[PDB]
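As structure tokens, one chain now follows by itself in the form deposited in one PDB entry.
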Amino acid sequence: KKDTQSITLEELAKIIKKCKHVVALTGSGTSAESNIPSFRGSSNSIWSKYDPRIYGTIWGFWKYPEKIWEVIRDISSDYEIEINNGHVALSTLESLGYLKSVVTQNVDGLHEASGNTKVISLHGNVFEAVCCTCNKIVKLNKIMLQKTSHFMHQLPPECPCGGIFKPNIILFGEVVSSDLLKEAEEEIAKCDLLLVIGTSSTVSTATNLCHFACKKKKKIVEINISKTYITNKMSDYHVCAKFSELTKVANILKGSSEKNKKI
């Protein structure tokens, strides 16, 4: 328990200006404004077509290995998916020398697409696949995940060895990479601020990282349209805002940096 206090964007810019090692922890909220709804019970969305108990779990993968591919294929094919202003904002915060890493539960790759340089993919990334017999790695790109691609023609996709391909994403019931976790833990151990943006922090991966940050007594700021499981438990502050409103923080800190003008 902690008495989390609400603050403004300008107050957040103020906090960041003093920091030397800022880390972000991100969830589906940051891709919300990239046309992937975060609320999975939304009936007017892709998630309505698909049973999460199947496509989202490792049991579901072995029973119906086509489904998570169909899901990835449909989101990729049916929606326009570009970096939003949150991403550009996080990208400038690294440029200005504040943001040192983004630890993410998202598998869409948008942080890197915006130019972030140390994105730790705790749940993996939809642009890689592995044969779940021989462990061969195949690199994919957006054009390969389209419904019209040859790679998508037969699902699940098949490996020359005879095994099938599985996306390189961590499903519910699977175990997060212990070398990636250690990377995320050493980032938090060295940070002087953790931004927890667009996540409920109810998945073990997030909850445990936030616990770790309290253990190492790091200052924790939520940026989210809502309070969350860690409000009044783990975060010191909360900015009530959409991820994309982070351009205001980036604009403040960018303006202030332009003190390169002699005088």
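Under this definition, the rigid core comprises the largest set of C-alpha atoms superposing within 1.5 Å between the forms. A residue's number is simply how far along the shown sequence it sits, counting from 1.
Beyond what is shown, the protein has a form deposited in another entry; the following relates to that form.
Per-residue Cα shift between the shown form and the other one after core alignment stays below 2 Å for all of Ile225, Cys214, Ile46, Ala32 except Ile46.
In the other entry, the Cα-Cα separation between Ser45 and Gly198 shrinks by 3 Å or more relative to the displayed conformation.
Between this form and the other one, the CA-CA gap for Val71 and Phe39 narrows by 3 Å or more, being smaller in the other entry.
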